[PDB]
Structures are given as C-alpha cells and as structure tokens.
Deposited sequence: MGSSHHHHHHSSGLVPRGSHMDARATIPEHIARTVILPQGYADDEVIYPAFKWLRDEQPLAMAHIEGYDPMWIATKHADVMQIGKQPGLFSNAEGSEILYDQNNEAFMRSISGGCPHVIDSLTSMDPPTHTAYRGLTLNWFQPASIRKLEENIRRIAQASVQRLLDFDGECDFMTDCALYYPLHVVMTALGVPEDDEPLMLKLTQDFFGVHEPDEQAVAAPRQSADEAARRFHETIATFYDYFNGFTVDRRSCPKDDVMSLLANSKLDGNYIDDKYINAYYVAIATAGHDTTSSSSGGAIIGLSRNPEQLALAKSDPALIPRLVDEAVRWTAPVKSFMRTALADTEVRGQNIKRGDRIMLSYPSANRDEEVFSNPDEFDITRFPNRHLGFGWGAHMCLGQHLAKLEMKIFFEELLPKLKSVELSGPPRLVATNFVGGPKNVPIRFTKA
C-alpha cells in the first residue's frame, strides 16, 4: 500500500468505486473536498493501483493536451480494478486494451488513425447530415408523444435517436437496430461463468460483430457511399488498406462512444428542465438558446466520469512530483464543477456562457464525435421543446452505477402536450 497516498480512504473509495456515481450527492461533495483540500493527490484503495486524482479543470486540460507525457496506450485508459484489468489483459494478448480503438493509441499511431476520419467529423461535413438527423429526431419525438403524458424519457425516447444517428453516420441500415442495441447495451454495457467461460463468450461474440462489420467494409470497397464505413473501408496508410482490427474497432468506438453519452446527456437536459421550468419556458421562447442548453446538459451531466493516463516520465503538475509509471484519473465531472471556472456549478443554467466544460475531454483525444453530438442534441431539442407545454419528473432519475460512462439511465416523466 503506497506510502505517497494522502487521500483519506473514505474519499478515495467514493471517487474511484462505481457505486457512488449513482448519486450526485455522494459523488460531487467528495470531489468538492478534493478540489478544496487535495486538488491533485494520490489515492490507494484495496484492489486498485495507486493513482493521482485530477480534480481541477486546469489540471485535466494540462494532462489531456500532453499525450507524449501522459499516455493512453501504456496502461488501461479505462478505470478497472486489478482483477478486471488482469482479465482484460488475459483476453487481449497481454495488452490492457480489449480492442484497437483510438483511446488505446498514442501519437504518432493515434494521430494517423484519428486523422482518417477527423475531417468527416468537423461541423461543415456533419452539417450535411442535418435532414437525416431531423427525420430521426422527429421519429423519437413522435415515440414520446404517442404516450398519454407519461413515460420514461430514456427508455421510451432518448435511448433511440442517438443510436439511429450513429447508425446513419456509419451506414448501418435501420433494420439492424436490434443488433446495434446488443452491441452498445448488452455486449459492451456495464453489468452492475469461470474466467475461461467469460473469455470464450467474449472472443466468440466480438468475432460475430467483426464478421458483420467486415461485410460493410467489403461492400463499400465496391459501392462507395458518403458514410464513415465507406471512408474507413477506402482509406489507406502507406499505400495499403487499414487492417480489419483498426477498422472494426473504429466502428465499435463510434457506436459505443456516441450512444450512451448522448442519450444520458439528453436525459440530463430533461432533468435540468424539469427542476427548472422557467428554463423550459426560455428555450421555447428563444430557440437560439438550444446550443447553450446542449452544452449545459453535457457539462452538468458529465456522462463520461473518467479516463485514465499513465505518466511516461517524472514530471510536475500543481507542484506535485508525478513519477514515471504513475496512473492518473481524469475527473471530467469534478472539472465541470470547478469553482475557479464555473459559478454555482451545481445549478443547471442553460444561459451559462461561456461554458468551457470538459464533458468532451480536452487535448489529443478530445471527443471525435463532439460536433455530431452537439448537432443531434440541438436538432432533437429543437423538435421536442415546441411540442411540450410542460415537463416534470414523476419520480427519482436512476443513474448508472459506474466510474466510466454513466449518467441517467431512467428518467420517469410526466408532460403536457403543446
């Protein structure tokens, strides 16, 4: 048990473990204490590696923008306990990355693979999806309106539109919805068999998904389209096609990254608006505010609770001596309530501007999908809000108990139709 750990065990447990993330009033006060008293310090709790907890907005940016010093590739970029990490390595040829996605990479590899789609995901390219996104948003709004004034905003509505959007961006047909839900909800969901058994199911299931995706790769090499599958399928590096393992990991990364985060942030927006009806009234009388509503939903929800980095050299941050090999947890939620940046950060306020939140991260790995996420949420709220006279919560929201991709999973609401 590492001599440098100074974070009290009860605080360290609260910020590291998955369970506390199910309650805002458990997690945020723990980060507040850290920001006030031990803004960048080391924690070591049973079953986890020792790790620095980056709680300050400044620090999360400084770390995120220096991938040559603070690595995604060297350790697990995801916060696993040791048993889970060991399992992951045992099914991944010793690597602490289950697939070859962008978040598993460091420059220059990372730069090359990110660069394959970087232009596609810029605003002017994404803007062309507007009409498709708007049709998809209207269908989800219609799903909600088919209820007689009562539903679960997540499971009856917000679960769907962001998956359809990622599907449209990839090129996956609408009829493959069941398969895509299995992908993001079952196979890569959080689950709140011996070891050899779970390993067998994993290898068999990922092969099934990769075989499915390969069919698209092949198809798009003969019949190109303006989708991401086609872009990746027809991409070359050093005069050759990209290996299937990178292509298929890219498809998976796009679907998994872009589904829950967007859905959860949408749920957060609904929670904010239900607790602050004056803001619903404002977004409805001034639709030009919706982009600020969207950014506030992402700040306040912060569905991505963490990513990890490993220090590749001895170095200094906020006066602390970070040593080669030390792991660091980046807390986007804590950065997003940093009092040095935001006033009254616990308040949901759609007028907040500027809104320099880290819900999409910062630096070399900053969310590839951010522009698509902002566009689709904007369009969704543009279509939903005129249709609602009022919305309120009918009971407590249920948040995912995870230290990774969390936020609202169930948001029971009542509403009146406009």
Task: Ranges missing from the model, given as deposited sequence positions - done: 1-20, 213-222
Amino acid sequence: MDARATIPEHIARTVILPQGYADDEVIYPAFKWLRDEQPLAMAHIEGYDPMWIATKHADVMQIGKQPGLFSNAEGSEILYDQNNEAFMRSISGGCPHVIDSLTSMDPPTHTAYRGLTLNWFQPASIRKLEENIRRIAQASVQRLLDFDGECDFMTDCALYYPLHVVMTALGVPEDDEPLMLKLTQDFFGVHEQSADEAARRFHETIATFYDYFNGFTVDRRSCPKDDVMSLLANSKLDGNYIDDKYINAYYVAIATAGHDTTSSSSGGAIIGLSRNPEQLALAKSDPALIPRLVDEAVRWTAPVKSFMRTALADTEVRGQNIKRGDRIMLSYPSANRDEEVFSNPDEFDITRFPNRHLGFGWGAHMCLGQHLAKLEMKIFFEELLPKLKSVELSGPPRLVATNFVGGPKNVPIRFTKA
From here on, numbers count along this sequence of modelled residues.
TODO: Going by the average Cα B-factor in the PDB entry, point out whether 373-381 or 348-356 comes out higher.
DONE: 348-356
Open item on the list: Which is higher on mean Cα B factor in this entry, 138-146 or 296-304?
Closed with: 138-146
Task: Residue with maximal Cα B-factor (values as given in the PDB entry) among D260, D338, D156, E278 - done: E278
Task: Which of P96, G272, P291, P333 ranks first by CA B-factor in the deposited coordinates - done: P96
TODO: Tell me, lowest, middle or highest third: where does the Cα B factor of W120 rank within its chain?
DONE: middle
Open item on the list: Considering every modelled residue of the chain and its Cα B-factor in the PDB entry, is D314 in the lowest, middle or highest third?
Closed with: highest
Open item on the list: Considering every modelled residue of the chain and its Cα B-factor in the PDB entry, is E74 in the lowest, middle or highest third?
Closed with: highest
TODO: Just say lowest, middle or highest third for the CA B-factor of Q66 relative to the other modelled residues in its chain.
DONE: highest
Task: Chain-relative CA temperature factor third for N240 - done: highest
